[PDB]
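Worksheet for the structure shown next.
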Amino acid sequence: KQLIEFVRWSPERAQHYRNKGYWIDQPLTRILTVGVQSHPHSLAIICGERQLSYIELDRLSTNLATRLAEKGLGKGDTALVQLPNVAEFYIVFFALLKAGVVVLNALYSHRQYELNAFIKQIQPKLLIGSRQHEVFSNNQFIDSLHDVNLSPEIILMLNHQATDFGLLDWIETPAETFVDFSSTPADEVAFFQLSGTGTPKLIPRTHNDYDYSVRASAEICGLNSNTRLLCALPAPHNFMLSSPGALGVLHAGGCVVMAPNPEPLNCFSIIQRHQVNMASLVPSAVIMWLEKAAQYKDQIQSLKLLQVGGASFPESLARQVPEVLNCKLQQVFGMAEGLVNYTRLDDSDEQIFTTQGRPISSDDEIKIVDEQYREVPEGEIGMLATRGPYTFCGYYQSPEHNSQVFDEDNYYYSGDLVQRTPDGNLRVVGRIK
Ligand SMILES: O=C(O)c1cc(-c2ccccc2)nc2c1cnn2Cc1ccncc1
Ligand SMILES: [Ca+2]
Ligand SMILES: [Ca+2]
Ligand SMILES: [Ca+2]
């Protein structure tokens, strides 16, 4: 009956973050509950031909939660989920949040090796995947787990075979018998994020810290109930999920519009069809869009805001976003470990085109340090160290690595090389291995 173990914030910091109104001690399911009360029939998710309202998202995720609870899956248990960019990803995410099951969302691009590693670490009693994924093409992988005593109690499959438990069947109808269930407490783990050598590391995220980053991001990006956000990046990625991502849009009462990937022609027609007004991309995908955008200018006119995060996004490329994609640019530099930086919507051109913005929170603390861990003079390049109301305090079950990436004041060293501009924004300059 024990809850998942994780490294806590110091009580003085926890109190401060409550005093500031950052941590409001609500489960992530708050996003749905509130949406259902205010606008139950407005669209929450558009996926291909499907239109899921707020109340449908709520009903369906409740259905699945009741069936997991009926099977004795709840607080103290974990789940591994691997689904593509479809509405069922969010139905499942909210169901597990409701049931108090700590979920790890694998990327759909992850393979047997990553999945095996994730299973050993969290020992999930629930596994949800797709029969269309290579790893679940046959039963070779599933059988291998019995051999090592790592078989989950329940396996659900999207695109199921006749002898599978069908994910859609566990979603469409509630359980026959009532068993009590609830979310994990708000200052306890809700789910595992993944770091971005070796398999990704597990980042425990609490309801308090994740909800805060979501609510605060939604305000920064000016989301509202008319927001239609394209979800073309992997749905589980911190960027696509929380920055402000699908959760941010749901928090603001808007609609998520799914796309399987960032391929421009398909994305452009989805943008046109649903009048998408916001999208989020990495630089390699921005380039692809730029190459087709002149010719398909008509299809993408409705875009009002494009977020770009990730690799290297030089000024000359950034300036092409408003020029060619005919929308405002926002640069985003974040990490699944916590800290996210945004250029603001009212920042100057120079800030927007040449920087990766500034932190969500006035209580995001940042040190920029040299090789001897001394704070560099203002404006100079150094290694980023950070802590704040939504930055984690250690990887899951990883005390040795944690000791190497945190200092005594619990600052996290991300490996990023940055400099603070005279205007107050960060410029990401490189990485230390
Ligand atoms: O440092 C990076 O390499 C990086 C990769 C990706 C990314 C996002 C989706 C898919 C693939 C890569 N996104 C990035 C990266 C840096 N900032 N961002 C935006 C971001 C925002 C929030 N949380 C995490 C990342
Ligand atoms: Ca519907
Ligand atoms: Ca536009
Ligand atoms: Ca133009």
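Residues are named by chain letter and number: chains run A, B, ... in the order of the structure tokens, numbers start at 1 in each chain, and ligands are numbered from 1 in the order shown.
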Please give me, as a PDB file with C-alpha atoms, in the first residue's frame, the residues lying within 12 Å of ligand 3 when counting only C-alpha atoms and all ligand atoms.
```pdb
ATOM      1  CA  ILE A 271      -4.637  22.911 -39.982  1.00  0.00           C
ATOM      2  CA  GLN A 272      -6.982  23.975 -42.800  1.00  0.00           C
ATOM      3  CA  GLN A 275      -8.696  25.979 -38.382  1.00  0.00           C
ATOM      4  CA  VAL A 276      -5.746  25.150 -36.096  1.00  0.00           C
ATOM      5  CA  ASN A 277      -4.386  28.399 -34.613  1.00  0.00           C
ATOM      6  CA  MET A 278      -1.361  27.123 -32.681  1.00  0.00           C
ATOM      7  CA  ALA A 279       1.353  24.505 -33.276  1.00  0.00           C
ATOM      8  CA  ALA A 293       4.530  26.913 -46.965  1.00  0.00           C
ATOM      9  CA  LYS A 297      -0.043  29.484 -47.875  1.00  0.00           C
ATOM     10  CA  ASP A 298      -3.884  29.235 -48.037  1.00  0.00           C
ATOM     11  CA  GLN A 299      -4.025  26.058 -45.918  1.00  0.00           C
ATOM     12  CA  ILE A 300      -2.028  27.394 -42.932  1.00  0.00           C
ATOM     13  CA  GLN A 301      -3.248  31.008 -42.705  1.00  0.00           C
ATOM     14  CA  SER A 302      -5.194  30.293 -39.468  1.00  0.00           C
ATOM     15  CA  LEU A 303      -1.951  29.599 -37.528  1.00  0.00           C
ATOM     16  CA  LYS A 304      -1.490  32.451 -35.052  1.00  0.00           C
ATOM     17  CA  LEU A 305       1.339  31.107 -32.928  1.00  0.00           C
ATOM     18  CA  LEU A 306       4.153  28.622 -33.534  1.00  0.00           C
ATOM     19  CA  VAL A 321       8.667  31.820 -39.280  1.00  0.00           C
ATOM     20  CA  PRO A 322       6.594  35.049 -39.351  1.00  0.00           C
ATOM     21  CA  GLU A 323       7.813  35.797 -42.900  1.00  0.00           C
ATOM     22  CA  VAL A 324       6.794  32.427 -44.417  1.00  0.00           C
ATOM     23  CA  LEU A 325       4.421  30.632 -41.986  1.00  0.00           C
ATOM     24  CA  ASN A 326       2.583  33.908 -41.364  1.00  0.00           C
ATOM     25  CA  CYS A 327       2.287  33.547 -37.594  1.00  0.00           C
ATOM     26  CA  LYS A 328       3.967  34.769 -34.414  1.00  0.00           C
ATOM     27  CA  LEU A 329       7.030  32.863 -33.201  1.00  0.00           C
TER      28      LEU A 329
END
```
Could you list, as a PyMOL selection string, all protein and nucleic acid residues with an atom at most 6 Å from ligand 1, counting only C-alpha atoms and all ligand atoms?
chain A and resi 233+237-239+243+309-311+332-336+340
Around ligand 2, which protein and nucleic acid residues have at least one atom no more than 8 Å from it, if we count only C-alpha atoms and all ligand atoms? List them as number ranges by chain.
A: 50-53, 56
List the spatial neighbours of residue 21 of chain A as a list in words - criterion: any atom at most 12 Å away, only C-alpha atoms, same-chain residues fewer than 2 positions off excluded.
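Neighbouring residues, sequence-local ones excluded: residues 14, 15, 16, 17, 18, 19, 23, 24, 25, 26, 208, 209, 211, 212, 213, 215, 216, 361, 363 and 389 of chain A.
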Selection file, C-alpha atoms, as a PDB file, in the first residue's frame:
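The result, stored in out28.pdb:
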```
ATOM      1  CA  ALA A  14       7.050  23.559  -0.485  1.00  0.00           C
ATOM      2  CA  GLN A  15       5.517  26.114   1.866  1.00  0.00           C
ATOM      3  CA  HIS A  16       6.779  29.041  -0.235  1.00  0.00           C
ATOM      4  CA  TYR A  17       5.300  27.513  -3.405  1.00  0.00           C
ATOM      5  CA  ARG A  18       1.949  27.082  -1.682  1.00  0.00           C
ATOM      6  CA  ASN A  19       2.135  30.666  -0.321  1.00  0.00           C
ATOM      7  CA  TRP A  23       1.034  24.580  -5.676  1.00  0.00           C
ATOM      8  CA  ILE A  24      -2.760  24.433  -5.153  1.00  0.00           C
ATOM      9  CA  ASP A  25      -2.854  20.786  -3.995  1.00  0.00           C
ATOM     10  CA  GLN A  26      -5.203  19.513  -6.668  1.00  0.00           C
ATOM     11  CA  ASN A 208       1.318  19.998  -7.687  1.00  0.00           C
ATOM     12  CA  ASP A 209       4.365  20.722  -9.785  1.00  0.00           C
ATOM     13  CA  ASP A 211      -0.318  21.346 -12.819  1.00  0.00           C
ATOM     14  CA  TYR A 212       1.545  24.534 -11.903  1.00  0.00           C
ATOM     15  CA  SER A 213       3.795  24.351 -14.962  1.00  0.00           C
ATOM     16  CA  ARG A 215      -1.464  26.531 -15.678  1.00  0.00           C
ATOM     17  CA  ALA A 216       1.417  29.032 -15.763  1.00  0.00           C
ATOM     18  CA  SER A 361       8.310  31.347 -12.629  1.00  0.00           C
ATOM     19  CA  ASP A 363      10.895  31.511  -8.358  1.00  0.00           C
ATOM     20  CA  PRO A 389       8.481  24.972  -8.021  1.00  0.00           C
TER      21      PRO A 389
END
```
Give the answer as one residue: which of A:269, A:193, A:295, A:183 has the shortest atom-to-atom distance to ligand 4, using only C-alpha atoms and all ligand atoms?
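Closest residue, counting only C-alpha atoms and all ligand atoms: A:295.
Here the question is which of A:294, A:383, A:36, A:249 gets nearest to residue 224 of chain A using only C-alpha atoms, and that residue is A:249.
Each of A:387, A:427, A:125, A:160 was checked against residue 356 of chain A using only C-alpha atoms; the smallest atom-to-atom distance is that of A:427.
Each of A:135, A:429, A:290, A:60 was compared to ligand 4 using only C-alpha atoms and all ligand atoms, and A:290 turns out to be the nearest.
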Please determine, counting only C-alpha atoms, which residue among A:417, A:97, A:45, A:270 has the shortest atom-to-atom distance to residue 206 of chain A.
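Smallest distance to residue 206 of chain A is found for A:97.
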Select from segment 82-222 of chain A everything DSSP, run on the backbone, classes as helix (DSSP H, G or I), then give the selection as a ChimeraX atom specification.
/A:87-99,112-122,134-136,140-147,167-172,207-220
